[PDB]
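Colleague: Attaching a single structure in structure tokens format; questions to follow.
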Amino acid sequence: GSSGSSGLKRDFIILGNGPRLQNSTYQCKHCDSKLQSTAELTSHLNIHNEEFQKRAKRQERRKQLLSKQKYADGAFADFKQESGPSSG
Ligand SMILES: [Zn+2]
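Letter by letter, the sequence shown follows residues 1 to 88 of PDB author numbering.
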């Protein structure tokens, strides 16, 4: 109280591709991050749980898109990914 000043305003920055290449990195399936190894994932994940506990509010719209997936039958008893053509 008994004051009158301000100073709260900043910006963010997101950029960094580089020709670098992935190296034994862990591509999380929750935030799409990159960890060194499980040792880090085991902990990193835990974060999600906590973040979900709070984030889990009385939201209104709750839905999730689907991920179509194809497969081959093959006459001869066999099953292989045989990833189809890259639609693009
Ligand atoms: Zn994650």
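Backbone N, C-alpha and C define an ideal beta-carbon position, used for all residues, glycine too.
Where does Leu45 sit, in a helix, a strand or coil, going by DSSP?
Modeller: By one-based count along the sequence shown, residue 45 stands at place 45. Of the three classes helix, strand and coil, the one that applies to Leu45 here is helix, per DSSP.
Colleague: Looking at ligand 1, does it come within less than 7 Å of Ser2, judged from the CB to the closest heavy atom?
Modeller: Here residue 2 is taken as the residue at index 2 of the sequence shown, counted from 1. Not so, every heavy atom of ligand 1 lies at least 7 Å from the Cβ.
Colleague: Could you check whether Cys28 and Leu8 sit closer than 8 Å to each other, using their CB atoms as the reference points?
Modeller: Position 8 of the sequence shown, counted from the start, is the residue given in the question as residue 8. Position 28 of the sequence shown, counted from the start, is the residue given in the question as residue 28. Result no, Cβ atoms of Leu8 and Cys28 do not sit closer than 8 Å.
Colleague: Determine the direct distance from the alpha carbon of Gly18 to that of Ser37, and round the result to whole angstroms.
Modeller: As a working note, residue 37 is residue 37 in the sequence shown. As a working note, residue 18 is residue 18 in the sequence shown. Between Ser37 and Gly18, the C-alpha separation is close to 22 Å.
Colleague: Any chance the CB of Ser33 is under 7 Å from a heavy atom of ligand 1?
Modeller: Numbered from its first residue, the sequence shown carries residue 33 at position 33. Yes - ligand 1 has a heavy atom lying nearer than 7 Å to the Cβ of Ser33.
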